[PDB]
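J.: When the letters of the sequence shown are read in order and numbered with the deposited numbering, they come out as residues 7 to 43, 50 to 141.
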Amino acid sequence: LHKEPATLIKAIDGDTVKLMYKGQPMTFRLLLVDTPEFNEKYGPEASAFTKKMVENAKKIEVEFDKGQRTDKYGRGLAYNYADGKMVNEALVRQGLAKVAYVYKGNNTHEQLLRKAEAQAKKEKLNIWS
Ligand SMILES: Cc1cn([C@H]2C[C@H](OP(=O)(O)O)[C@@H](COP(=O)(O)O)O2)c(=O)[nH]c1=O
Ligand SMILES: [Ca+2]
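(1) Taking the CB atoms as reference points, tell me whether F76 and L7 lie closer together than 8 Å.
(2) Among all the DSSP beta bridges, which residues are the ones paired with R81?
(3) Which term fits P42, buried or exposed, when burial requires 16 or more other beta carbons within 10 angstroms of its beta carbon?
(4) Going by the C-beta, is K53 closer than 7 Å to any heavy atom of ligand 1?
(5) Can you find the residues in the same chain that come closer than 7 Å, C-beta to C-beta, to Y27, ignoring five residues on each side of it along the sequence?
(6) Using 8 Å as the threshold, is the C-beta distance between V104 and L125 below it?
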């Protein structure tokens, strides 16, 4: 896979962000994770975690997997990086997302993220507390 440039337009919630990609505004949904909705337990904390990560970054990148690049709602499906750190992985490592929505052929980073989830669960963090 390849990292490609993007710039932040606006934080949305734990697992969606509005970015400019190839010069066009797009909502991205993060691959292989699920954060609680803002109205659920840990939802606000997930939203804040992602917001801080993308707003503080100097360099935002997106990385598409091998399969579908947009979902049925028109959201881009990617792994998102903030100063080289994967947001998808960071959310799972902190117990603020579950590994989820693992579809065949868009699952390159599945085992990296399951390893993070096991570590967050071991530490009893957030969702796993
Ligand atoms: C992460 C992801 C979600 N989706 C779709 C499945 C879900 O459909 P439904 O809306 O019918 O439940 C929805 C979950 O996103 P949200 O967790 O953002 O609600 O997005 C994909 O199609 N591919 C994906 O990789
Ligand atoms: Ca969600």
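Heads up, the beta-carbon is just placed ideally off N, CA and C, and yes, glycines get one too.
T.: Working from what's here:
(1) Taking the sequence shown and counting its residues from 1, one reaches residue 76 at position 64. Taking the sequence shown and counting its residues from 1, one reaches residue 7 at position 1. Against a cut-off of 8 Å, the Cβ pair of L7 and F76 comes out as a contact.
(2) Counted from its first residue, the sequence shown places residue 81 at position 69. Answer by DSSP bridge pairing: none, since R81 is not bridged.
(3) Position 36 of the sequence shown, counted from the first residue, corresponds to residue 42. Counting other Cβ atoms within 10 Å of its Cβ, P42 reaches 16 or more and is therefore classed as buried.
(4) For this step, residue 53 is matched to residue 41 along the sequence shown. Residue side-chain check: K53 keeps its Cβ at 7 Å or more from all non-hydrogen atoms of ligand 1.
(5) By 1-based counting over the sequence shown, the position of residue 27 is 21. So the list reads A12, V74 and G88, once near-sequence residues are dropped.
(6) Residue numbering aside, residue 104 sits at position 92 when the sequence shown is read from its first letter. Residue numbering aside, residue 125 sits at position 113 when the sequence shown is read from its first letter. Judged by their CB atoms, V104 and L125 are nearer to each other than the 8 Å cut-off.
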